[PDB]
2 protein chains.
Amino acid sequence: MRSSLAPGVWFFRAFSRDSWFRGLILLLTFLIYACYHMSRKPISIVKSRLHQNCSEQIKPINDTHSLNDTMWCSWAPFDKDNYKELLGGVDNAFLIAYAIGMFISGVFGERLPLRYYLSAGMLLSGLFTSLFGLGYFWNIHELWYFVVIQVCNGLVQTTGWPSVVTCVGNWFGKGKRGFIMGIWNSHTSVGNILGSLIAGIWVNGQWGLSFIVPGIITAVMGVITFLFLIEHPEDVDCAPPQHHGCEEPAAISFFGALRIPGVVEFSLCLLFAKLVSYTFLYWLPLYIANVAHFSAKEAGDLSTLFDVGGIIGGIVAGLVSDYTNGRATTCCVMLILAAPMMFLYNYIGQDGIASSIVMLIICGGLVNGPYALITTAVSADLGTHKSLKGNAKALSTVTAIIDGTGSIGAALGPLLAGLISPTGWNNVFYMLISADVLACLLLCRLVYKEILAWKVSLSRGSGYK
Amino acid sequence: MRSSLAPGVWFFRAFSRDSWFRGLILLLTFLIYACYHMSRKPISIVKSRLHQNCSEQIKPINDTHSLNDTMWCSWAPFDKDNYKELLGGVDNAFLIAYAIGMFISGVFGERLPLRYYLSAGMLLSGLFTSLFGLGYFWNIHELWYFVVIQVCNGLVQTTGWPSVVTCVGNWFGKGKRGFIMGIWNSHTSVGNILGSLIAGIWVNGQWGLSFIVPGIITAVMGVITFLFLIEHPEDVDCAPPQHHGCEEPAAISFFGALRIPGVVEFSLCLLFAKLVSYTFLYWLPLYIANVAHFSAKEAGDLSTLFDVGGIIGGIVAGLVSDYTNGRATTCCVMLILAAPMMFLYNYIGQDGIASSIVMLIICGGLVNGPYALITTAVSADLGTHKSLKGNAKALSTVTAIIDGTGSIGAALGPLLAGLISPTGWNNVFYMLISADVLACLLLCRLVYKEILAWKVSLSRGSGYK
């Protein structure tokens, strides 16, 4: 009667139909790739329980029998002195088989329909984590069952990341890409926290129901992504995106995607940054133990503040790389200006709580900014490069190459950290410094290119059409 | 690529724009009137705690001092022997002032803009329950504070029900009204359960935070109803409803709404059904105590199964009243066939658990079916009667009359149940039987009318235009 329109409906009216499905696809492929990081965690928490020093344990009525072993308490293929030398046998049977699958199970994303290929992966990840969980209810005590699962569970969870920036690549253009897909990259830090929290419930008590419940959540999300994944903007008659600058294009060959002018240098740079991010997080508890004399209940908060700094860095490196028309030169500067900050953290870390946090957030925002910006912005940019000439299709091969060359370094992390550990606890830091200096060396051709690319438009004095 | 549209989007495409805002307004005015039943409960749970027999209580170091009173344990204006005779002084200071407000604070719904009138009530209900809750944090121990709140809290929570079937009246026609607004009437049973569950948390411990949290939830919902309540279908240019069978109409007078041909008989029938529904629920624990010798932990489930039977009855009486073109003749039959079922429950109740539930669900579905169908179907029907001739507006005066004449009987429930209780515990049952026989007597004119209304169309042999 005597009212105009309520301000909520007058606010939601202004967003046109263009900006509604483009807001749908972010909210959908945010949960789709958050469930993978939810279902990847719980081998990290159950790493602590499966071996216990049960000379300090309640109920010694399980036949100690003149000081025998830890058979009655710990799990039986992880009971003896090789528990540290077999857990590494388990997890390396994932990180290897995930970095071989990423080069191949992105190539199938070029050919198959994308929605079926995504749902037939999210209905198998939640089956294979669950079949890892089916050891407690059947009392399986052989080591060979617990490694042929995490191999077959490492060919399935490939299918996320080549088929998540394939959906987002088909809708968005060269608008504010580094900012949208920088805010959007909060899933790799909102997945870890919910993984550590949900799998933290059933740790002690009975541990079989710490894997099966994320394996149910992932396969439940695997059919909401079956019922609602609109791939192309023309299938529901929206507007097609910008120019990223008849017959539908068929495919691309794998070797034909290597000749794109950025895909080699933007991958053997990124292998030397995931290795830095693993080396630092492996090094930091061994640093704060023997020097800082610091409470270990807050180091778990430190290893979360590092990824919160990563969230901040994934947007700070995005805005600047948008408004300066160059993205390799942002990553090179934020890698060069990172090593004095980590050297200063090594020199100044003697404070307990106060000066540590502010020196740790900055080190979190300078080695996970340029890890984000090369796998969420230029990976959706080199795939839409002008040299494809429109008569091809390559967005799930460039992403596949960049992420597989990323995860090979994550596989070679523990294969080197345990090699220089007995020869000193400080060689790790020098390997970190060498890898971070070498990281801003592969980009040198692209930095040399983009300096001239700036100076062309500068020396013309606003050169235009 | 090689996929058609996903079945979720192909399912949601078929519902046109007509059936989207009409699905919005149910989901909105379901929560709007669920929050009132959420914020009406917690005087029921704290009725038990404020008086305690603390001769059976831990910590007697609060100066018993040669067997003194219950001063140290119970609350101070509810400590002596008159605790039963003052709690009734509190709650009757609500149910009276709610049944005087309903005749007047629906009439303001005719004049004011509806969205502002609803939000200025839901931002005061959550203030007045909260100011009832501000006694624990200030240690208020006078009886007169705890009755001038529940009077002023009983003029505010009037504004729900005349302004909830005013929104739903403007959208829906004579379609499947008795079925939609019968499924929709599940809020008066989904509110009670969440009220008993949320207020059940902070009972013992500290009880001040059992009122303030529902008073925060209601005033938070009071602005979501500010931002999103589209009243008329023409304000967002939808289709106007059916014919319920220029200048916008101004108003109606209060005495002018009484001359509608149903509004008198459909209210002094309903006062004699809420009284039946209160008398039965007051009578049933006194029945199962002295005869059945039954566990009192399941009587709380019995008093919920009665309202679940009410949910079933509110739909079973709706379908039949739609497909027989007569609604008073459904209520009369379901009231006449109710008293033999309650008499049979009185004669057969000696079983412990087995035969009691099936005889209680039926008694739940025959005295809360015809309480729903007269306040959610014919109240949105007599207001849209043909005798208004289109040049008036009366939907928040017919609802006001029917619900106020309903709640006067709920006020006269406890004003009579405590009057025949000392003269026997079985006079309550005879008062129930007398009221239920008298309930199907006020409808007799309308039953006599609708029998002829059927026989006109019957004796013509498919008489039509």
# chains A, B, ... in the order shown; residues from 1 in each chain; ligands from 1
call {"tool": "residues_around", "arguments": {"residues": "residue 397 of chain B", "least_positions_apart": "5", "cutoff": "12 Å", "atoms": "only C-alpha atoms", "output": "PyMOL selection string"}}
result
chain B and resi 102-111+161-163+165-166+251-258+260+263+379-380+382-384+392+402-404
call {"tool": "write_last_selection", "arguments": {"atoms": "N, CA, C and O atoms", "output": "compact mmCIF listing (two decimals), in the first residue's frame"}}
result
# COMPACT_ATOMS: atom_id res chain seq x y z
N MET B 102 -5.66 -8.58 20.31
CA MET B 102 -5.88 -9.18 19.00
C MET B 102 -7.09 -8.58 18.31
O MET B 102 -7.14 -8.51 17.08
N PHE B 103 -8.05 -8.09 19.07
CA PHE B 103 -9.17 -7.37 18.48
C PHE B 103 -8.78 -5.97 18.01
O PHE B 103 -9.46 -5.40 17.16
N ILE B 104 -7.70 -5.40 18.56
CA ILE B 104 -7.38 -4.02 18.21
C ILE B 104 -6.14 -3.92 17.32
O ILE B 104 -6.14 -3.17 16.34
N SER B 105 -5.10 -4.69 17.60
CA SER B 105 -3.88 -4.62 16.81
C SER B 105 -3.90 -5.55 15.60
O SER B 105 -2.85 -5.97 15.13
N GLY B 106 -5.09 -5.91 15.13
CA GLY B 106 -5.24 -6.29 13.74
C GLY B 106 -5.82 -5.15 12.93
O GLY B 106 -5.53 -5.04 11.73
N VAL B 107 -6.61 -4.28 13.57
CA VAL B 107 -7.26 -3.17 12.89
C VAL B 107 -6.23 -2.17 12.37
O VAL B 107 -6.43 -1.57 11.31
N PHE B 108 -5.10 -2.04 13.06
CA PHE B 108 -4.04 -1.18 12.53
C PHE B 108 -3.36 -1.80 11.31
O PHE B 108 -2.72 -1.08 10.55
N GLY B 109 -3.51 -3.11 11.10
CA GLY B 109 -2.99 -3.73 9.90
C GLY B 109 -3.75 -3.37 8.65
O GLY B 109 -3.25 -3.58 7.54
N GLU B 110 -4.97 -2.84 8.79
CA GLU B 110 -5.72 -2.36 7.64
C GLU B 110 -5.13 -1.06 7.10
O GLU B 110 -5.21 -0.80 5.90
N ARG B 111 -4.56 -0.25 7.97
CA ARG B 111 -4.22 1.11 7.59
C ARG B 111 -2.75 1.28 7.25
O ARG B 111 -2.41 1.82 6.20
N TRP B 161 -0.07 -12.66 13.70
CA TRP B 161 -1.08 -13.39 12.96
C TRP B 161 -2.07 -12.57 12.12
O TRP B 161 -2.59 -13.11 11.14
N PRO B 162 -2.39 -11.31 12.42
CA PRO B 162 -3.11 -10.52 11.41
C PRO B 162 -2.25 -10.06 10.26
O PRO B 162 -2.80 -9.56 9.27
N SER B 163 -0.94 -10.18 10.34
CA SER B 163 -0.06 -9.69 9.29
C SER B 163 0.77 -10.80 8.69
O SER B 163 1.83 -10.56 8.13
N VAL B 165 -1.31 -13.90 7.51
CA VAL B 165 -2.26 -14.30 6.48
C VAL B 165 -2.84 -13.06 5.80
O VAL B 165 -3.88 -13.13 5.14
N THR B 166 -2.18 -11.92 5.96
CA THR B 166 -2.44 -10.82 5.06
C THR B 166 -1.48 -10.85 3.88
O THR B 166 -1.88 -10.55 2.75
N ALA B 251 -10.49 1.11 3.09
CA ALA B 251 -10.48 0.42 4.38
C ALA B 251 -11.82 -0.26 4.59
O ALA B 251 -12.63 -0.39 3.66
N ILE B 252 -12.05 -0.71 5.82
CA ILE B 252 -13.36 -1.17 6.26
C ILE B 252 -13.50 -0.78 7.72
O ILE B 252 -12.51 -0.61 8.44
N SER B 253 -14.74 -0.56 8.15
CA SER B 253 -15.00 -0.33 9.56
C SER B 253 -15.06 -1.66 10.30
O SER B 253 -15.26 -2.72 9.70
N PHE B 254 -14.86 -1.59 11.62
CA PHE B 254 -14.82 -2.82 12.41
C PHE B 254 -16.19 -3.45 12.54
O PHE B 254 -16.34 -4.67 12.43
N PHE B 255 -17.22 -2.63 12.77
CA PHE B 255 -18.57 -3.17 12.84
C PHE B 255 -19.07 -3.59 11.47
O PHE B 255 -19.91 -4.48 11.36
N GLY B 256 -18.54 -2.96 10.41
CA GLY B 256 -18.90 -3.35 9.06
C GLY B 256 -18.36 -4.70 8.65
O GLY B 256 -18.88 -5.31 7.72
N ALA B 257 -17.32 -5.19 9.33
CA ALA B 257 -16.79 -6.51 9.03
C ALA B 257 -17.58 -7.62 9.71
O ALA B 257 -17.44 -8.78 9.33
N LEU B 258 -18.40 -7.29 10.71
CA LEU B 258 -19.20 -8.30 11.37
C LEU B 258 -20.36 -8.79 10.51
O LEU B 258 -20.86 -9.89 10.74
N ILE B 260 -20.35 -9.81 7.51
CA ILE B 260 -19.98 -10.89 6.60
C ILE B 260 -20.72 -12.15 7.02
O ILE B 260 -20.86 -12.40 8.23
N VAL B 263 -18.63 -14.66 9.84
CA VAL B 263 -17.60 -14.29 10.80
C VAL B 263 -18.08 -14.41 12.24
O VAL B 263 -17.26 -14.47 13.16
N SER B 379 -10.52 -18.24 7.31
CA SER B 379 -10.16 -16.89 7.69
C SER B 379 -9.54 -16.12 6.55
O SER B 379 -9.60 -14.89 6.54
N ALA B 380 -8.94 -16.81 5.59
CA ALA B 380 -8.50 -16.19 4.35
C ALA B 380 -9.54 -16.34 3.25
O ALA B 380 -9.26 -16.03 2.09
N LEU B 382 -13.37 -15.88 4.18
CA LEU B 382 -14.42 -14.92 4.51
C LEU B 382 -13.95 -13.49 4.32
O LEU B 382 -14.76 -12.60 4.12
N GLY B 383 -12.64 -13.26 4.40
CA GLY B 383 -12.13 -11.93 4.17
C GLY B 383 -12.17 -11.53 2.71
O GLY B 383 -12.21 -10.34 2.39
N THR B 384 -12.17 -12.50 1.81
CA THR B 384 -12.25 -12.27 0.38
C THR B 384 -13.62 -12.66 -0.15
O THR B 384 -13.76 -13.19 -1.25
N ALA B 392 -13.71 -2.53 -1.05
CA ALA B 392 -13.31 -2.44 0.34
C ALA B 392 -12.08 -3.31 0.53
O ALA B 392 -11.53 -3.86 -0.43
N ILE B 402 -11.33 -13.70 14.38
CA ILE B 402 -11.30 -15.14 14.62
C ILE B 402 -10.21 -15.50 15.62
O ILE B 402 -10.45 -16.28 16.55
N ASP B 403 -9.04 -14.88 15.53
CA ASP B 403 -7.99 -15.26 16.47
C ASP B 403 -8.19 -14.68 17.86
O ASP B 403 -7.80 -15.31 18.85
N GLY B 404 -8.80 -13.50 17.99
CA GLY B 404 -9.08 -12.97 19.31
C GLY B 404 -10.16 -13.76 20.03
O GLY B 404 -10.05 -14.05 21.23
call {"tool": "residues_around", "arguments": {"residues": "residue 224 of chain B", "least_positions_apart": "2", "cutoff": "12 Å", "atoms": "only C-alpha atoms", "output": "list in words"}}
result
residues 6, 7, 8 and 9 of chain A; 28, 29, 31, 32, 115, 118, 119, 122, 123, 217, 218, 219, 220, 221, 222, 226, 227, 228, 229 and 230 of chain B
call {"tool": "write_last_selection", "arguments": {"atoms": "N, CA and C atoms", "output": "PDB file, in the first residue's frame"}}
result
ATOM      1  N   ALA A   6      11.160  -2.867  -0.959  1.00  0.00           N
ATOM      2  CA  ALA A   6      12.085  -3.077   0.142  1.00  0.00           C
ATOM      3  C   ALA A   6      13.526  -3.047  -0.363  1.00  0.00           C
ATOM      4  N   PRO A   7      14.461  -2.526   0.441  1.00  0.00           N
ATOM      5  CA  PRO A   7      15.828  -2.315  -0.055  1.00  0.00           C
ATOM      6  C   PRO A   7      16.584  -3.575  -0.420  1.00  0.00           C
ATOM      7  N   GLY A   8      16.220  -4.735   0.115  1.00  0.00           N
ATOM      8  CA  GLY A   8      16.877  -5.956  -0.316  1.00  0.00           C
ATOM      9  C   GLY A   8      16.535  -6.326  -1.745  1.00  0.00           C
ATOM     10  N   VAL A   9      15.267  -6.190  -2.123  1.00  0.00           N
ATOM     11  CA  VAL A   9      14.880  -6.535  -3.483  1.00  0.00           C
ATOM     12  C   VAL A   9      15.336  -5.454  -4.453  1.00  0.00           C
TER      13      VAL A   9
ATOM     14  N   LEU B  28       9.199 -17.282   3.487  1.00  0.00           N
ATOM     15  CA  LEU B  28       9.480 -16.146   4.346  1.00  0.00           C
ATOM     16  C   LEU B  28       8.493 -16.077   5.505  1.00  0.00           C
ATOM     17  N   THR B  29       7.184 -16.096   5.222  1.00  0.00           N
ATOM     18  CA  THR B  29       6.213 -16.049   6.311  1.00  0.00           C
ATOM     19  C   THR B  29       6.014 -17.389   6.989  1.00  0.00           C
ATOM     20  N   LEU B  31       9.099 -18.667   8.442  1.00  0.00           N
ATOM     21  CA  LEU B  31      10.042 -18.290   9.484  1.00  0.00           C
ATOM     22  C   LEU B  31       9.557 -17.126  10.319  1.00  0.00           C
ATOM     23  N   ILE B  32       8.845 -16.175   9.700  1.00  0.00           N
ATOM     24  CA  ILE B  32       8.348 -15.008  10.430  1.00  0.00           C
ATOM     25  C   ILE B  32       7.403 -15.424  11.545  1.00  0.00           C
ATOM     26  N   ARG B 115       4.744  -3.978   5.879  1.00  0.00           N
ATOM     27  CA  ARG B 115       6.107  -4.394   6.174  1.00  0.00           C
ATOM     28  C   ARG B 115       6.667  -3.632   7.363  1.00  0.00           C
ATOM     29  N   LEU B 118       5.059  -4.901  10.497  1.00  0.00           N
ATOM     30  CA  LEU B 118       5.528  -6.198  10.953  1.00  0.00           C
ATOM     31  C   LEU B 118       6.913  -6.097  11.568  1.00  0.00           C
ATOM     32  N   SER B 119       7.800  -5.305  10.968  1.00  0.00           N
ATOM     33  CA  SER B 119       9.136  -5.171  11.532  1.00  0.00           C
ATOM     34  C   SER B 119       9.157  -4.386  12.834  1.00  0.00           C
ATOM     35  N   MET B 122       8.285  -7.183  15.356  1.00  0.00           N
ATOM     36  CA  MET B 122       9.333  -8.155  15.621  1.00  0.00           C
ATOM     37  C   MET B 122      10.609  -7.535  16.161  1.00  0.00           C
ATOM     38  N   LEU B 123      10.766  -6.218  16.108  1.00  0.00           N
ATOM     39  CA  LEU B 123      11.851  -5.596  16.856  1.00  0.00           C
ATOM     40  C   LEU B 123      11.442  -5.156  18.248  1.00  0.00           C
ATOM     41  N   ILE B 217      17.295 -13.733  18.596  1.00  0.00           N
ATOM     42  CA  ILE B 217      16.943 -14.403  17.343  1.00  0.00           C
ATOM     43  C   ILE B 217      15.720 -13.758  16.698  1.00  0.00           C
ATOM     44  N   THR B 218      14.732 -13.370  17.508  1.00  0.00           N
ATOM     45  CA  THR B 218      13.528 -12.760  16.946  1.00  0.00           C
ATOM     46  C   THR B 218      13.815 -11.381  16.368  1.00  0.00           C
ATOM     47  N   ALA B 219      14.590 -10.561  17.062  1.00  0.00           N
ATOM     48  CA  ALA B 219      14.901  -9.259  16.497  1.00  0.00           C
ATOM     49  C   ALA B 219      15.916  -9.327  15.366  1.00  0.00           C
ATOM     50  N   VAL B 220      16.650 -10.430  15.224  1.00  0.00           N
ATOM     51  CA  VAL B 220      17.467 -10.597  14.024  1.00  0.00           C
ATOM     52  C   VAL B 220      16.596 -10.969  12.832  1.00  0.00           C
ATOM     53  N   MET B 221      15.602 -11.837  13.037  1.00  0.00           N
ATOM     54  CA  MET B 221      14.650 -12.130  11.966  1.00  0.00           C
ATOM     55  C   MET B 221      13.783 -10.920  11.634  1.00  0.00           C
ATOM     56  N   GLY B 222      13.644  -9.997  12.576  1.00  0.00           N
ATOM     57  CA  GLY B 222      12.875  -8.790  12.381  1.00  0.00           C
ATOM     58  C   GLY B 222      13.447  -7.804  11.386  1.00  0.00           C
ATOM     59  N   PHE B 226      12.419  -7.096   7.271  1.00  0.00           N
ATOM     60  CA  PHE B 226      12.381  -5.722   6.796  1.00  0.00           C
ATOM     61  C   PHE B 226      12.930  -5.612   5.394  1.00  0.00           C
ATOM     62  N   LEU B 227      13.931  -6.407   5.066  1.00  0.00           N
ATOM     63  CA  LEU B 227      14.590  -6.234   3.788  1.00  0.00           C
ATOM     64  C   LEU B 227      13.957  -7.037   2.659  1.00  0.00           C
ATOM     65  N   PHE B 228      13.008  -7.931   2.932  1.00  0.00           N
ATOM     66  CA  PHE B 228      12.622  -8.846   1.865  1.00  0.00           C
ATOM     67  C   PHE B 228      11.127  -9.144   1.777  1.00  0.00           C
ATOM     68  N   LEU B 229      10.250  -8.304   2.314  1.00  0.00           N
ATOM     69  CA  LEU B 229       8.825  -8.631   2.369  1.00  0.00           C
ATOM     70  C   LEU B 229       8.099  -7.886   1.261  1.00  0.00           C
ATOM     71  N   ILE B 230       7.901  -8.556   0.134  1.00  0.00           N
ATOM     72  CA  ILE B 230       7.160  -7.999  -0.988  1.00  0.00           C
ATOM     73  C   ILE B 230       5.687  -8.281  -0.736  1.00  0.00           C
TER      74      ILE B 230
END
call {"tool": "atom_distance", "arguments": {"atom1": "atom CA of residue 238 of chain B", "atom2": "atom CA of residue 1 of chain A"}}
result
15.8 Å
call {"tool": "residues_around", "arguments": {"residues": "residue 156 of chain A", "least_positions_apart": "6", "cutoff": "9 Å", "atoms": "only C-alpha atoms", "output": "list in words"}}
result
residues 98, 101, 105, 121, 122, 124, 125 and 128 of chain A
call {"tool": "write_last_selection", "arguments": {"atoms": "C-alpha atoms", "output": "PDB file, in the first residue's frame"}}
result
ATOM      1  CA  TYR A  98      49.388 -37.777  -7.692  1.00  0.00           C
ATOM      2  CA  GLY A 101      48.333 -38.561 -12.767  1.00  0.00           C
ATOM      3  CA  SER A 105      44.255 -37.024 -16.164  1.00  0.00           C
ATOM      4  CA  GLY A 121      35.930 -38.490  -9.914  1.00  0.00           C
ATOM      5  CA  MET A 122      34.134 -37.140  -6.895  1.00  0.00           C
ATOM      6  CA  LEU A 124      35.467 -42.341  -6.506  1.00  0.00           C
ATOM      7  CA  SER A 125      37.525 -40.161  -4.166  1.00  0.00           C
ATOM      8  CA  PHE A 128      38.750 -44.765  -1.953  1.00  0.00           C
TER       9      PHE A 128
END
call {"tool": "residues_around", "arguments": {"residues": "residue 210 of chain A", "least_positions_apart": "5", "cutoff": "12 Å", "atoms": "only C-alpha atoms", "output": "ChimeraX atom specification"}}
result
/A:38-46,129-130,132-136,195-205,215-217
call {"tool": "closest_residue", "arguments": {"among": "A:5, A:93, A:26, A:21", "to": "residue 181 of chain A", "atoms": "only C-alpha atoms"}}
result
A:26
call {"tool": "closest_residue", "arguments": {"among": "A:368, A:396, A:303, A:405", "to": "residue 266 of chain A", "atoms": "only C-alpha atoms"}}
result
A:405
call {"tool": "residues_around", "arguments": {"residues": "segment 337-354 of chain A", "least_positions_apart": "2", "cutoff": "12 Å", "atoms": "only C-alpha atoms", "output": "compact mmCIF listing (two decimals) with N, CA and C atoms, in the first residue's frame"}}
result
# COMPACT_ATOMS: atom_id res chain seq x y z
N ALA A 273 59.10 -23.35 -5.98
CA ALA A 273 58.42 -22.55 -4.98
C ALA A 273 57.57 -23.38 -4.04
N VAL A 276 60.05 -24.63 -1.72
CA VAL A 276 60.34 -23.64 -0.68
C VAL A 276 59.25 -23.66 0.38
N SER A 277 57.99 -23.76 -0.04
CA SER A 277 56.89 -23.74 0.90
C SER A 277 56.83 -25.00 1.75
N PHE A 280 60.18 -24.70 4.29
CA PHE A 280 60.02 -23.75 5.39
C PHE A 280 59.12 -24.30 6.49
N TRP A 283 60.94 -26.83 8.36
CA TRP A 283 62.07 -26.31 9.11
C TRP A 283 61.63 -25.59 10.38
N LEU A 284 60.46 -24.96 10.36
CA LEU A 284 60.08 -24.07 11.45
C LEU A 284 59.89 -24.72 12.83
N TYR A 287 63.29 -25.20 14.18
CA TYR A 287 63.88 -23.94 14.59
C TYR A 287 63.37 -23.52 15.96
N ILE A 288 62.05 -23.55 16.16
CA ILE A 288 61.54 -23.03 17.43
C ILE A 288 61.74 -23.98 18.60
N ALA A 289 62.10 -25.24 18.34
CA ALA A 289 62.34 -26.16 19.45
C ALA A 289 63.65 -25.83 20.16
N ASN A 290 64.76 -25.83 19.43
CA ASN A 290 66.07 -25.78 20.05
C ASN A 290 66.57 -24.37 20.36
N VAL A 291 65.85 -23.33 19.95
CA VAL A 291 66.31 -21.96 20.15
C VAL A 291 65.30 -21.18 20.98
N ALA A 292 64.06 -21.11 20.49
CA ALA A 292 63.07 -20.22 21.07
C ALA A 292 62.54 -20.71 22.41
N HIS A 293 62.62 -22.02 22.69
CA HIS A 293 62.06 -22.67 23.88
C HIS A 293 60.58 -22.34 24.03
N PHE A 294 59.85 -22.57 22.95
CA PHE A 294 58.50 -22.05 22.80
C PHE A 294 57.47 -23.16 22.98
N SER A 295 56.29 -22.77 23.46
CA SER A 295 55.23 -23.73 23.73
C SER A 295 54.67 -24.30 22.43
N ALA A 296 54.63 -25.63 22.34
CA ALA A 296 54.23 -26.32 21.13
C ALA A 296 52.73 -26.27 20.87
N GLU A 298 51.15 -23.55 20.43
CA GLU A 298 50.94 -22.38 19.58
C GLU A 298 51.61 -22.53 18.22
N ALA A 299 52.50 -23.52 18.05
CA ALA A 299 53.09 -23.78 16.74
C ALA A 299 52.05 -24.27 15.74
N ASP A 301 49.12 -23.06 15.70
CA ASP A 301 48.52 -21.81 15.26
C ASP A 301 49.45 -21.07 14.30
N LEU A 302 50.77 -21.25 14.48
CA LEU A 302 51.74 -20.63 13.58
C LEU A 302 51.64 -21.21 12.17
N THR A 330 55.51 -9.31 -11.16
CA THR A 330 55.06 -9.25 -9.77
C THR A 330 55.63 -10.41 -8.97
N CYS A 331 55.61 -11.60 -9.57
CA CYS A 331 56.11 -12.79 -8.90
C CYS A 331 57.61 -12.71 -8.66
N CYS A 332 58.36 -12.13 -9.60
CA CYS A 332 59.80 -12.03 -9.44
C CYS A 332 60.17 -11.07 -8.31
N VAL A 333 59.47 -9.95 -8.21
CA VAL A 333 59.73 -8.99 -7.14
C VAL A 333 59.33 -9.57 -5.79
N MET A 334 58.18 -10.25 -5.73
CA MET A 334 57.77 -10.83 -4.46
C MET A 334 58.53 -12.10 -4.11
N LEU A 335 59.32 -12.66 -5.02
CA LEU A 335 60.26 -13.69 -4.59
C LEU A 335 61.61 -13.12 -4.19
N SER A 356 57.10 -12.37 16.70
CA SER A 356 57.11 -13.54 15.84
C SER A 356 55.97 -13.54 14.84
N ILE A 357 54.79 -13.11 15.26
CA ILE A 357 53.60 -13.21 14.42
C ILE A 357 53.70 -12.26 13.24
N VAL A 358 54.17 -11.04 13.47
CA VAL A 358 54.23 -10.04 12.41
C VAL A 358 55.35 -10.38 11.42
N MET A 359 56.39 -11.07 11.87
CA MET A 359 57.42 -11.53 10.96
C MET A 359 57.05 -12.84 10.29
N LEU A 360 56.03 -13.53 10.78
CA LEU A 360 55.58 -14.76 10.14
C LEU A 360 54.45 -14.54 9.13
N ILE A 361 53.59 -13.54 9.35
CA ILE A 361 52.55 -13.24 8.37
C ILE A 361 53.16 -12.74 7.07
N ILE A 362 54.22 -11.94 7.16
CA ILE A 362 54.89 -11.42 5.97
C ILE A 362 55.57 -12.55 5.20
N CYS A 363 56.19 -13.49 5.91
CA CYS A 363 56.75 -14.65 5.24
C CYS A 363 55.67 -15.60 4.74
N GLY A 364 54.44 -15.47 5.24
CA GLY A 364 53.34 -16.20 4.65
C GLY A 364 52.74 -15.55 3.43
N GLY A 365 52.91 -14.24 3.29
CA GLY A 365 52.37 -13.51 2.17
C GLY A 365 53.34 -13.24 1.05
N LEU A 366 54.49 -13.89 1.03
CA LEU A 366 55.46 -13.69 -0.03
C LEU A 366 55.96 -14.98 -0.65
N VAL A 367 55.53 -16.14 -0.15
CA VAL A 367 55.81 -17.41 -0.82
C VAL A 367 54.55 -18.23 -1.05
N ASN A 368 53.37 -17.70 -0.74
CA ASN A 368 52.12 -18.29 -1.20
C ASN A 368 51.25 -17.30 -1.95
N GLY A 369 51.72 -16.08 -2.16
CA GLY A 369 51.15 -15.21 -3.15
C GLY A 369 51.57 -15.65 -4.54
N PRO A 370 52.87 -15.64 -4.82
CA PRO A 370 53.36 -16.15 -6.11
C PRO A 370 53.27 -17.65 -6.30
N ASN A 426 70.37 -27.45 9.99
CA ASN A 426 70.42 -26.11 9.43
C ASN A 426 70.75 -26.13 7.95
N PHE A 429 67.79 -24.94 5.83
CA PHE A 429 67.62 -23.52 5.60
C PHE A 429 68.44 -23.04 4.41
N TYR A 430 69.65 -23.59 4.24
CA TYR A 430 70.45 -23.20 3.08
C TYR A 430 69.88 -23.77 1.79
N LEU A 432 66.70 -24.09 1.34
CA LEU A 432 65.61 -23.14 1.13
C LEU A 432 66.09 -21.89 0.42
N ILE A 433 67.21 -21.32 0.89
CA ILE A 433 67.73 -20.09 0.31
C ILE A 433 68.19 -20.32 -1.13
N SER A 434 68.83 -21.46 -1.39
CA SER A 434 69.27 -21.78 -2.74
C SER A 434 68.08 -21.96 -3.68
N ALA A 435 67.02 -22.63 -3.21
CA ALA A 435 65.85 -22.83 -4.05
C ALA A 435 65.09 -21.54 -4.30
N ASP A 436 65.08 -20.62 -3.33
CA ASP A 436 64.37 -19.37 -3.55
C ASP A 436 65.16 -18.41 -4.43
N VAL A 437 66.49 -18.47 -4.39
CA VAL A 437 67.27 -17.70 -5.36
C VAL A 437 67.11 -18.29 -6.75
N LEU A 438 67.08 -19.62 -6.85
CA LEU A 438 66.90 -20.26 -8.15
C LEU A 438 65.48 -20.10 -8.68
N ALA A 439 64.50 -19.82 -7.81
CA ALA A 439 63.12 -19.67 -8.25
C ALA A 439 62.93 -18.42 -9.09
N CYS A 440 63.56 -17.32 -8.70
CA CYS A 440 63.50 -16.09 -9.48
C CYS A 440 64.65 -16.01 -10.48
call {"tool": "closest_residue", "arguments": {"among": "A:137, A:184, A:11, A:94", "to": "residue 154 of chain A", "atoms": "only C-alpha atoms"}}
result
A:94
call {"tool": "residues_around", "arguments": {"residues": "residue 175 of chain B", "least_positions_apart": "3", "cutoff": "12 Å", "atoms": "only C-alpha atoms", "output": "list in words"}}
result
residues 171, 172, 178, 179, 180, 181, 241, 242, 243, 244, 245, 319, 322, 323, 325, 377 and 381 of chain B
